[PDB]
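These protein sequence lines are chains A and B, in that order. For the first sequence, position 42 (counting from the first letter as 1) is numbered 42 according to this note's numbering, and the numbering increases by one without interruption. This note's numbering runs 100 ahead of the 1-based position in the second sequence. Comments concern the structure below.
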Amino acid sequence: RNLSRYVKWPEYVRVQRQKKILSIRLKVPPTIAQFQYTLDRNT
Amino acid sequence: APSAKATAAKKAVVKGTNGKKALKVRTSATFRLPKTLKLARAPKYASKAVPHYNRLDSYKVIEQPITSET
Numbered sequence: 001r002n003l004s005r006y007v008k009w010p011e012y013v014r015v016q017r018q019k020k021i022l023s024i025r026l027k028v029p030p031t032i033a034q035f036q037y038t039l040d041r042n043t
Numbered sequence: 101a102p103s104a105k106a107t108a109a110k111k112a113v114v115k116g117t118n119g120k121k122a123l124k125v126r127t128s129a130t131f132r133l134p135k136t137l138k139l140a141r142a143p144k145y146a147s148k149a150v151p152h153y154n155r156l157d158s159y160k161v162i163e164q165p166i167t168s169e170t
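Now the structure itself:
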């Protein structure tokens, strides 16, 4: 069995992954979050 | 319809086909420090630049013969 979800990761790794999770899950003002209505690619 | 072909194409044009991940097997519960490069010293200067000489040469070791009767 591969147990990649079960491992004890390092600390800063835990911080940054949880941080991105948190910034996802948080309600946001409209001032920021005009960011990530950001530009597409070919342009 | 689902238009699965065309929404795949949508995802293609909007992300640019760089859309999968190389999933790594990770089996150890604990992750450890990677074994990395470890040099040895190249001093620009020596520590004292002169070796001290033989501290403990023989003429200094042997102080004396005893001259007693036993």
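In this text, a Cβ means the ideal position worked out from N, Cα and C, and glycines have one as well.
- Distances from the alpha-carbon of residue 40 of chain A to those of B:170, B:116 and B:120 put B:116 closest.
- Residues of the segment 15-27 of chain A with a Cβ closer than 9 Å to any Cβ of chain B: none.
- In the displayed model, residue 107 of chain B falls within a helix according to three-state DSSP.
- According to DSSP, residue pairing for residue 130 of chain B in a beta bridge involves A:8.
- Residue 161 of chain B: member of the alpha helix (DSSP H) spanning 158-161, first to last residue.
- Chain-ordered, the chain A residues with CB closer than 8 Å to the CB of residue 129 of chain B read 3, 6, 7 and 8.
- Residue 112 of chain B carries a helical assignment under DSSP once its states are collapsed to helix, strand and coil.
- One finds 41 in chain A with Cβ atoms closer than 8 Å to the Cβ of residue 116 of chain B, taken in chain order.
- Here residue 13 of chain A has no same chain residue with a Cβ atom under 7 Å from its own Cβ, once five neighbours each way along the sequence are excluded.
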